[PDB]
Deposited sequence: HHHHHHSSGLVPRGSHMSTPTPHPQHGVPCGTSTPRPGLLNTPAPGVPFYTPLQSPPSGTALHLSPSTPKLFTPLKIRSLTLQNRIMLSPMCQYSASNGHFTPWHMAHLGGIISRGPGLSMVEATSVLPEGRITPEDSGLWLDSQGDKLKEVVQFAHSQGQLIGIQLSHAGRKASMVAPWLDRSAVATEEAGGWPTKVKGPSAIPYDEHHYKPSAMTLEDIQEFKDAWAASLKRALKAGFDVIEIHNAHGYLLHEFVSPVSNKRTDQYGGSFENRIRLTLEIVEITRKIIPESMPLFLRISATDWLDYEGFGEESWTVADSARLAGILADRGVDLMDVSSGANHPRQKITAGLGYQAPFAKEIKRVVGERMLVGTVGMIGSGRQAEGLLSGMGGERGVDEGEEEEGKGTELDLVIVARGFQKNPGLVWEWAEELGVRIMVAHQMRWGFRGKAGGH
């Protein structure tokens, strides 16, 4: 019998166990292929598909492009697969082709993708966000940094931030959010969460990174407010904590909540004198979030100020993650992302070997909980299989792909 997968409205073969599951788990299994519990869920490995904007939506709606992109990766067994930044409001989109969730119909298109994910026994999350003062741009392949004009679908008069400070001369100048705007954003956040639950997502991630709205509020270089939302570390994180409280009130306690942070503005160098968001701030914020229902700290960085000075290279953000991990300990899970180019590096980052970027081969060590990968998956949707073979781990793959190699 070609057993059907339960709980979905179309026939497809059951994948038991799901793709990406180590077939002979033992104490010698690399941590990368070890399961990870998070609230009610169990990821079968520690490789997460990072959220990746596709700039291919139709008035915020997914299309067959998204099914081919996500469905092709998800069938190859990432422990967790995260959908791209999805705006809770039209004017929160990065571009006119960004994913959105201000409409019930957008949720119904998302549902098609989570039903495919669940037909495979895979877990899928959604990153909710709002682009703030970086909103209304054009797709990056059209131009690294150019605005979407009103006739090209843009919305210059609705771009909003915590302060009336443009990111650059190439972006629009935002309106400073009134208290009414802040409340409208909180209401829209709640309405998008209900749509996300109804489409069936297994985890929600709060986007607090990459110079978007929530990152703009936490950083003093972009948030000059003098109300309850500015002027001190506690005020500047208030909006983030209110978003966490709203979320934890609405989603099931059984459901993991992730938060992606930009660990630093990369303005912590000599020559730049203004105050900025630093990894110490992110660590202190992590400590506070660990007690308010956030289960995982996705650690990225940068993209909040055009004068940033980034030291890039293999695993360049993992040191931030390890410093945040050292302060939250076992109170919260920490995931690292950014140029993790091998299963060996990944296994090193998770197990605390190879140094703070895990690239060293010699010789203590801060352990991390989860590895996150974006560009690796775009080049090879079968990255999980490639890393499993690189590390000598026999894994399950989809029945359709397996029997050809026996």
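Unmodelled regions of the deposited sequence, numbered from residue 1: 1 to 39, 403 to 406, 450 to 455.
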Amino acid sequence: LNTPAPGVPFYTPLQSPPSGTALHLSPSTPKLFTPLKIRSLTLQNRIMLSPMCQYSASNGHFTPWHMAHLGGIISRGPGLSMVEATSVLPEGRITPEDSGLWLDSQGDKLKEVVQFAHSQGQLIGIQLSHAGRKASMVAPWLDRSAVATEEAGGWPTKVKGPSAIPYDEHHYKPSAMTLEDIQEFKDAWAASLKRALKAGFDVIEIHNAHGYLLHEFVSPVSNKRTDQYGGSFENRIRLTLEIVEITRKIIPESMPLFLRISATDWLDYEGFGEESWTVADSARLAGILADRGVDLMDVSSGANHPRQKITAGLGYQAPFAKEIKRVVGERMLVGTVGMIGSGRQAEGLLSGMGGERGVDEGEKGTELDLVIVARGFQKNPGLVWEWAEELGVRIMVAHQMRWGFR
From here on, numbers count along this sequence of modelled residues.
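Stretch comparison (262 to 270 versus 119 to 127) by mean CA B-factor in the PDB entry places 262 to 270 on top. According to the PDB record, 352 to 360 carries the higher mean C-alpha B-factor of the two stretches 352 to 360 and 62 to 70. Ranking 111, 238, 249, 76 by Cα temperature factor from the entry places 249 first. As recorded in the PDB entry, 142 shows the highest C-alpha B-factor of the residues 190, 142, 196, 89. Compared with the other modelled residues of the chain, the Cα B-factor recorded for residue 375 ranks in the middle third. Sorting the modelled residues of the chain by their CA temperature factor places residue 296 in the lowest third. When all modelled residues of the chain are sorted by CA temperature factor, residue 172 is found within the highest third. Among all modelled residues in this chain, the alpha-carbon of residue 154 has a temperature factor (C-alpha) in the highest third. When all modelled residues of the chain are sorted by CA temperature factor, residue 387 is found within the middle third.
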